[PDB]
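Now for the letters of each chain:
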Number of protein chains: 2
Amino acid sequence: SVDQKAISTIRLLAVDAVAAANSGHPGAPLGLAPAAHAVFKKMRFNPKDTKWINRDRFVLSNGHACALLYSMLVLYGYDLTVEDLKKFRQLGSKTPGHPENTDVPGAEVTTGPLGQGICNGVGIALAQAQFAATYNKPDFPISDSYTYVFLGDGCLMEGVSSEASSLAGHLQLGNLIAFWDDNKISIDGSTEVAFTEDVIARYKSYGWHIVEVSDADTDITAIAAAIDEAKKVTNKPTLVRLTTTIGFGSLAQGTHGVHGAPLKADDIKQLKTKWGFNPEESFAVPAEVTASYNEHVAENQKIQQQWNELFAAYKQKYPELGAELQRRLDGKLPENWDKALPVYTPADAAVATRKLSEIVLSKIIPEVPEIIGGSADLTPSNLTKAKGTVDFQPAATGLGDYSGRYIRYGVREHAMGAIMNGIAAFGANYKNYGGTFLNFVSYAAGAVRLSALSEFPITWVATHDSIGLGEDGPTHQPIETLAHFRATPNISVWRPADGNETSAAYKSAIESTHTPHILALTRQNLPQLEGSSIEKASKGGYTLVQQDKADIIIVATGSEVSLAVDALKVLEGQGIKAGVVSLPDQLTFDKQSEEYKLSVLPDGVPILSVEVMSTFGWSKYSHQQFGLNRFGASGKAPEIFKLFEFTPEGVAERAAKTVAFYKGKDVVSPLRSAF
Amino acid sequence: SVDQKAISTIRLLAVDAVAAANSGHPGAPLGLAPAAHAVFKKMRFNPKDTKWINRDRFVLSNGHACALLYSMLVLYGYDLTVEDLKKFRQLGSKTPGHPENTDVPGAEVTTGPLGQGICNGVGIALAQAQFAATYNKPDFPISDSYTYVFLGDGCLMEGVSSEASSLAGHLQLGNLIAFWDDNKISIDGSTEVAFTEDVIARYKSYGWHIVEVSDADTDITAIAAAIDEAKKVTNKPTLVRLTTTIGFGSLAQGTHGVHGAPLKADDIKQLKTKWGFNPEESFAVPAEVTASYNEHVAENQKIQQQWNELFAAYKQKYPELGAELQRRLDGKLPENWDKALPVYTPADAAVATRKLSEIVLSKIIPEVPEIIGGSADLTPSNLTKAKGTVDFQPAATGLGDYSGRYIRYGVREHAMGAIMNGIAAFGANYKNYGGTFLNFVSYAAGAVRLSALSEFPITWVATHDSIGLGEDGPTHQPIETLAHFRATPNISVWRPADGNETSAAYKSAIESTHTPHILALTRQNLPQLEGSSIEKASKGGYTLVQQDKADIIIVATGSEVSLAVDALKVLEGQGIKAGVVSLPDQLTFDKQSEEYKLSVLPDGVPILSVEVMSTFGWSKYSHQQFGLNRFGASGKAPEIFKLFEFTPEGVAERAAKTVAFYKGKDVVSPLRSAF
Ligand SMILES: CC1=C(CCOP(=O)(O)OP(=O)(O)O)SCN1Cc1cnc(C)nc1N
Ligand SMILES: CC1=C(CCOP(=O)(O)OP(=O)(O)O)SCN1Cc1cnc(C)nc1N
Ligand SMILES: O=C(CO)[C@@H](O)[C@H](O)[C@H](O)COP(=O)(O)O
Ligand SMILES: O=C(CO)[C@@H](O)[C@H](O)[C@H](O)COP(=O)(O)O
Ligand SMILES: [Ca+2]
Ligand SMILES: [Ca+2]
């Protein structure tokens, strides 16, 4: 049949791509081709408009199987061709060894690190539910799309997928349909060696619906029926168990050897001849397959055309909601939204930056509907919920509604991070955030790095940033954390010192379109600084206190800026004149002009950094570094600062030693380099 | 009764400790005191010998509840007193806000970061099973101890505990008995808001046995009976559901407000009077409670005395095993074990450091019985299993035996990391390791940081260290990872360049008693270096190529040392004389004498670092840094190196620019500082 021919075409494109690269993973593509064919035939999508907001989304969570995804995209006429398949895994190609949303048309997210994609799918589905609750009206199903996810055994072993699956079941996300490639083979061999749990029983315990397809190597009728069944269960996410043979058709089918290496050439020949293809030919695309797939594309394009007319009619019937929706689909924030950001003066009271963050959120959430977010069971500590908002919950619970804006993630940092990526991936200008303690952002490093690589504008509201948290002690006090994330490409790491800087940090985080943000916020109160403003802090680094005859400049962040200002006064009594630079975001600063940066960190003056955590990275901006390169302590925070000499006198002593160390030396800016 | 009085004493000590600190968590201690009393009465332990190898172990995974643990330790006469309880959460005390194994007698592990302790308990139980299988003989139950773990709802939400619980069920760890504090309250309020899964059904799906105690606020008879029942089920770990009221007895019992803040003074008064205590008194310890607890201690000490005689008789009956066991309990490796480490010369073939690591393990595992380890489903890629070893599995599976040495962790990096901590915590000189790709060590950051804080000598075998892995692409290629872990206190991060350096890295990792190791290893082949040795590499950094008239020194690690040596030859043709330093472990280097370090990185010469990942940290050792501060690419590895100019010519160009940049300048060692 043409369907059988399509499945063979998919299988053979994937195997031929792996063969051409002499690298990659043929097994899961061979096993999952029937399911991929069946699912894409049920999906609504436009290969010529990858951003249609009412498309069904597909996520390949088992990203190593990407030769399968690329084959589907090529067959359906996305902006990806057989010539791109021939360049699978080759430097600079559009067919990298794991899918990248920035590079691959039709890749919704970046997968490859196991466990992530299913969580991303939870986030896409969460966003779709929130979006539909916000915009749909009687006779106006603006959003009614599904989220389809393929996943393997490795994904099911990773704890992040358990977190997201527990939460998705709690949230009754009925438009999520996941498919488990139940092939009983991982890299170490049989799943009997390490993975003998009853997966189906576990998913039932989370509140998922289950459909089992016992012969998923061939039974596309049953796979299609499973999708229909899943669509009838509107209050549970569904897991479809696809019992497959890894490498189906290969001489080496059902073995670990077909997971992750190219097939032998003789194996590929017998595959082709068993399926009616020419064993002398590679990258074959039968025209009948193209015709069949084109018919589905044409039907989908008519569906999108009708959706566009529905949207036009919606804008007439619901003028304000329609304009809001249009603005969001154009990727634009509300005009002058930032006028809602709070502004402070030096006469205002001292406030913890966690509380300043609460106040910002309270002002901007009512003004910017595309902001949603939550906390990982730290709502009353992170201060992440605006008063007067309702939680995102299924209405059946009585605890919220899908129109809600605040997500109770539970104690699930890693899944929160990956769900945030999925919410961003949904689109519609979502600007979403997640709160935890800064030290526990590290639990989510797998997802955070993918936010950076995927260029998603997500925001971590990361409170309790340092030893300033006090009594909870060294298991809670960050040391390495900002160095880790600052060393990751494309992460804005804001550590605001005061009210104006906190508003600048949020301005950056909400305006972002391609850069994730981490906001490192304090438990303890900090004073409003003389010299701070949103304008200056928006440059990432700025001169807080200018001293034309400076003997030293102190560069600091966060809670240490006020410390530096106090040290300047001690130094004045020692006959040393200091300037102060505040560096609330190193990435934003780095992006400023060379001349701007040199105006902040000039030649001809020693520069000392002060920040109560690792000194890594700080030599970019300073000659000497005063930091904390050991673990913390359990005690009242001011006593810990005193112990480690993060006091005005301790900073002054080190500043004076710095001045003395550079006596008789020629000093150039830390910004200078040889290459 | 005296048991009732003991429970009240525990509750009130915990509440009074929180009150004195005006900080901490009274709720779970109040709810769990009956269970703590019952479990400690069943446990075998010696407060005067915390390291007795056949003790039962207790782990408080819900570490915020540590006022409960400290109260138990004080009542049982560990080296912790009521005066220490009065200093709960105070700077420098023995009663920090979360338990620390380095600081607190009777704290087996460091908990506080949720999810970790249950995984640590899995590791303690895994080690006990392996240890018993290795040493027990007929009439010689050298090891027969249990592992008791308390955990809360937050622990059950964290994905790491799902990973470890799936694995523990697979491994049939019948001496693990965990207790869930089923109080339905977390920080964000009711568990109905985010945690509605059927926990018991999930644990059954993992192959755990379940006991439910419906009235755990009072029914210590049922808690004791649950332990007896769990001990009869020898092939399944057991979860005991303790249905409790958070803050039991408080006016605010059953509310989130009692989770994490001190009780009101009037509340504490009514607690005391309801339980027969003096509301005017704090830190009361009724002598009858002390007497009761002392009787159990005395009985346990007689049990240990008998164990010591059993051990003496074992050494007579089994002389070789007995001497091995004695050596391990003394914390000593086999005499001259390191003579098994492979040694290479520059005439030997190029080898990937992953393969060199395989070869080391193959030589040392047969010589050092206390080495065990595994991989997170990457055994044939990490090369972590010695040929001729058997896997650690329950014999009932037919797939291994508990005497086995190789653990199939599955795709569970985070739990692997926390299980490794538990294996180390067991003691008996275990030197245990875990393999994954370096980029996915990041999935386990929560546990890795705790290895460092807890001072456990665990080892990560972290292969595929860079863009040198090639085609899998940027989702797999580390950039930030070594900076992250190097910035963490107390982590040795070895990046060996060749065979001799790889042997030095293992010498360090296996000899370690207080410092975790990460071994960053290559996919690709590297040459054996002229000038390397175990002796020199054991210093962490050393002069590989000495040049007395150097214009520049190039400092490098791993795969970039050979690159630096090739660049030296290009530079010679440009009239520039270079030296080369190899820096296989920055931590070990830092610990050398000032004079040694200055012999490697002298004054008076520019120093350029070369390492194909983040430049963070490198200014400690260099004036200029050539690194990779962007994400990688999917392609053949040599083409990626060429793209980023990590070539002999690219390094030489930057070296020449460095020499030119310092012309006419006075240069001092990067090791110098102002303070
Ligand atoms: C173990 C591992 C894989 C086995 C999958 O086994 P699986 O899901 O059962 O896939 P299969 O049916 O055999 O093709 S892929 C690559 N990876 C290394 C790998 C490890 N950890 C993380 C976080 N991401 C990864 N990418
Ligand atoms: C959420 C959070 C807690 C709630 C526990 O809730 P729970 O287990 O149900 O405890 P309970 O019965 O209410 O006392 S503690 C502190 N913590 C912050 C916290 C967050 N993430 C990590 C990894 N470790 C933590 N320590
Ligand atoms: O991490 C934990 C305990 O392991 C939480 O219970 C925190 O102790 C608490 O949220 C801190 O509260 P505040 O810092 O907001 O007072
Ligand atoms: O991470 C994955 C895929 O996401 C594994 O399948 C690796 O691709 C494989 O283990 C690399 O193998 P070698 O580098 O040992 O050839
Ligand atoms: Ca599989
Ligand atoms: Ca609880």
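Residues numbered from 1 in each chain as written, not as in the entry; some residues may be left out. Chains lettered and ligands numbered in written order. Heavy atoms only, no water.

- Structure determination for the deposited model, as stated in its record, used X-ray crystallography, and the stated resolution is 0.97 Å.

**Details of the UniProt feature "active site" in chain A**
Turning to step 1, where the next piece is worked out: In the numbering used here, UniProt assigns the feature "active site" to A:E413.
Turning to step 2, where the next piece is worked out: Along the chain, A:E413 turns up in helix α15 (residues 413-426).
Turning to step 3, where the next piece is worked out: You can call A:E413 buried: its relative accessible area is 4%.
Turning to step 4, where the next piece is worked out: Filtering out sequence-adjacent residues up to four positions away, A:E413 remains in contact with A:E163, A:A376, A:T436, A:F440, A:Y443, A:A444, A:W460 and B:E158. (UniProt positions renumbered as here; feature names shortened; annotations may be inferred. Helix = DSSP H or I, 4+ residues; strand = E, 2+ residues; numbered from the N terminus. Buried < 20%, exposed > 50% of the residue type's maximum accessible area, 1.4 Å probe, protein only. Contact = heavy atoms within 4.5 Å.)

**Things to note about the coordination of the calcium ion (ligand 5)**
Turning to step 1, where the next piece is worked out: Surrounding the calcium ion (ligand 5) are the protein donor atoms A:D153 (OD), A:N183 (OD1) and A:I185 (O), which sit 2.3 to 2.4 Å from the metal.
Turning to step 2, where the next piece is worked out: Using a relative accessible area of 5% as the deciding quantity, one classes A:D153 as buried. (Donors = N, O, S within 2.8 Å, 3.2 Å for Na, K, Ca; no water.)

**Thoughts on the environment of A:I364**
Residues and elements named next belong to chain A.
Turning to step 1, where the next piece is worked out: With respect to the helices, strands and loops of the structure, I364 is situated in helix α13 (residues 353-364).
Turning to step 2, where the next piece is worked out: Residues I364 and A550, spaced 186 residues apart in sequence, show a C-alpha to C-alpha distance of 40 Å.
Turning to step 3, where the next piece is worked out: When neighbours within four sequence positions are excluded, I364 is seen to be in contact with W337, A340, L341, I371, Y506 and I510.

**Comments concerning the state of the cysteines**
Residues and elements named next belong to chain B.
Turning to step 1, where the next piece is worked out: With the rule as written, the count across this model stands at zero disulfides over all chains.
Turning to step 2, where the next piece is worked out: The thiol of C119 is unpaired, and the distance to the nearest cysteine sulfur, on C155, comes to 8.9 Å.
Turning to step 3, where the next piece is worked out: For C119, a relative accessible area of 0% corresponds to the buried category. (Disulfide = S-S within 2.5 Å.)

**Considerations on the site of ligand 2**
Turning to step 1, where the next piece is worked out: Around ligand 2, the structure places 22 residues, and the nearest of them are A:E413, B:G112, B:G154, B:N183 and B:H259.
Turning to step 2, where the next piece is worked out: In this structure, ligand 2 is bordered by residues of chains A and B.
Turning to step 3, where the next piece is worked out: Between ligand 2 and the protein, one listed contact pairs an oxygen atom with a side-chain N or O atom of B:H64 at 3.0 Å.
Turning to step 4, where the next piece is worked out: Within the contact set of ligand 2, an oxygen atom lies 2.8 Å away from a side-chain nitrogen or oxygen of B:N183.
Turning to step 5, where the next piece is worked out: Here ligand 2 loses 98% of its free accessible area of 590 Å² to cover by the protein chains. (Near = heavy atom within 4 Å. Polar contact = N/O pair within 3.5 Å; in protein donor to acceptor, adjacent residues only side chain to side chain. Areas by Shrake-Rupley, 256 points an atom, 1.4 Å probe, with all protein chains shown as cover.)

**As for the packing of aromatic side chains**
Turning to step 1, where the next piece is worked out: Throughout the structure, instances matching the rule amount to 60 aromatic pairs over all chains.
Turning to step 2, where the next piece is worked out: Centre to centre, the rings of B:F437 and B:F440 are 6.4 Å apart; their planes meet at 40°, and the pair counts as tilted. Comparing B:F437 with B:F440, the two get one shared label, buried.
Turning to step 3, where the next piece is worked out: Three or more aromatic residues joined by ring pairs make a cluster, and in this case those are A:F40, A:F45, A:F58, A:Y76, A:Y78, A:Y146, A:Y148, A:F150, A:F179 and A:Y293.
Turning to step 4, where the next piece is worked out: The ring of A:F626 carries the charged tip of A:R654 above its face, separated from the ring centre by 4.1 Å.
Turning to step 5, where the next piece is worked out: Lying across the ring of B:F311, B:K315 places its NZ or CZ 4.2 Å from the centre. (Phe/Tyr/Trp six-rings, centres within 6.5 Å; stacked < 30°, edge-to-face > 60°. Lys NZ or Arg CZ within 6 Å of the ring centre and 35° of its normal.)

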